[PDB]
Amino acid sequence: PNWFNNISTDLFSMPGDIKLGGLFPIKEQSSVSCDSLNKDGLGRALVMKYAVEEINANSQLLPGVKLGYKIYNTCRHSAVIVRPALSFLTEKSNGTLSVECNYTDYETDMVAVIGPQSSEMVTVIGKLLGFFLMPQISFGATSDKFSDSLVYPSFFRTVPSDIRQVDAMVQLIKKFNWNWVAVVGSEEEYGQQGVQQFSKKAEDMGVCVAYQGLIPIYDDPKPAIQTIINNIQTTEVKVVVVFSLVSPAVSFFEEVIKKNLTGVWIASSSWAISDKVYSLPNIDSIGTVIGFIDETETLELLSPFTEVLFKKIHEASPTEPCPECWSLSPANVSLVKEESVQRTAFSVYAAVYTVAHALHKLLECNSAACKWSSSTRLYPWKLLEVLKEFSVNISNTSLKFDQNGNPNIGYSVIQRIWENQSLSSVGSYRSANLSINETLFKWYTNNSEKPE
């Protein structure tokens, strides 16, 4: 809290001796135009800023060596994100990518990659980065496709695999004696994968899926959405699992509210705590929403950091990823203090520290000196060798990465409470044991009892 007034104003690009590449969805589309600010993704980007600043301010974690980074907008779009991904692979010295068959002696500009947020984006840069054996940690991408080290050789993850979240969802559903549900998802890797994962896991556990459905992320989602809701009505299902990205889910419930439909709603991490969903006029009418989020710590110092930083940024500007960002200010601390950000912020934090600590181990550092100088060359494939099944205590969390690149992070089962406009704690999911307290569940129904 006193290293707080030395932190640089540089928001997306920070000079250092070893560099991390950052990939965040900072501005998306409402050639290729990226119009709209993602406030949650700007926030996660802020967490990596905070984490790096704090690591460097720690005099004994990478002693004598300054952590640096380049953060880039992904726009959740192929053409936008491959450009900075390729930029991570340019040689440190020459700022170019040479065409070659053996990159073992090749010194890249970044030693590791933090991000991207979305499983769609990982399928765009995963194998490229994987070929280079460049460590990439996702603070966000949950799809089980990335759990194969043979297909994604340098993939790591601070949040759990969705194979487990759907296990969490189906165990809950079994617990509540519901055998007739529907599954909805967004039409892209995340929702597509979850719907299949849920469907397969549902009937393995004897839950007859009455209907499945995908919501377009390109063109008009609304007509696909009515067919979805008609199938929901005609199957006469009370429980609908919405395994979907945030933007289409808003389009979805917009129409769900429109038909005064109710029932129980199962929420996936991606929208379970989105203000965009819950601020929908009359979303409280839709009934009961039960959710799943990654069980995370609360970064106690995030919000203060941001506040000194945002003052400093207001102080620094006017000067020349986020066009309008260096006009931000202490009023803008809403960004990191959003519940969406606060409860996922730890993922970004652990990603950066996980790399940070690995590097410490790579350079054989104790608390005063690192085996390092200006002639030290770092190849990503050496860092990867260290990160393999890496164990590390970050803050209060004991973090074990399995050989798939998956973490030992489970879930917290939550419920949406409308009259308060809040979320309560109704249980947990750690390992494959779902532990919920039936009594703590509130049931938005005619007589407040549970459906069925």
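Numbering starts at 1 and runs along the sequence shown.
Visitor: Select one of none, 1 to 3, 4 to 9, or 10 or more to describe the deposited residues without coordinates separating residue 30 and residue 31.
Guide: Missing residues, residue 30 to residue 31: 10 or more.
Visitor: Please figure out whether residue 320 and residue 321 are truly consecutive in the deposited sequence or have unmodelled residues between them, and give none, 1 to 3, 4 to 9, or 10 or more.
Guide: Unresolved stretch here: 4 to 9 residues.
Visitor: Taking the mean of the C-alpha B-factors per stretch from the entry, tell me the winner out of 215-223 and 116-124.
Guide: The recorded data point to 215-223.
Visitor: Should the higher mean CA B-factor in the entry be assigned to 92-100 or to 304-312?
Guide: Averaged over C-alpha atoms, the B-factors run higher in 304-312.
Visitor: Highest Cα temperature factor in the entry, among the options 429, 12, 24, 444: which one is it?
Guide: In this record, 444 carries the highest C-alpha B-factor of the candidates.
Visitor: Could you say which of 129, 232, 159, 242 has its CA atom at the highest B factor, as listed in the PDB entry?
Guide: Of 129, 232, 159, 242, 232 has the highest C-alpha B-factor.
Visitor: Could you say whether, by C-alpha temperature factor, residue 395 belongs to the lowest, middle or highest third of its chain?
Guide: For residue 395, the deposited C-alpha B-factor lands in the middle third.
Visitor: Against its chain's modelled residues, does residue 386's Cα B factor rank lowest, middle or highest third?
Guide: Its C-alpha B-factor belongs to the lowest third of this chain's values.
Visitor: Based on the entry's values, in what third of the chain does the Cα temperature factor of residue 237 lie: lowest, middle or highest?
Guide: It belongs to the highest third of the chain when residues are ordered by C-alpha B-factor.
Visitor: Can you tell me whether residue 206 has a C-alpha B-factor in the lowest, middle or highest third compared with the other modelled residues of the same chain?
Guide: It belongs to the highest third of the chain when residues are ordered by C-alpha B-factor.
Visitor: Please place residue 421 in the lowest, middle or highest third of its chain by C-alpha B factor as given in the entry.
Guide: For residue 421, the deposited C-alpha B-factor lands in the highest third.
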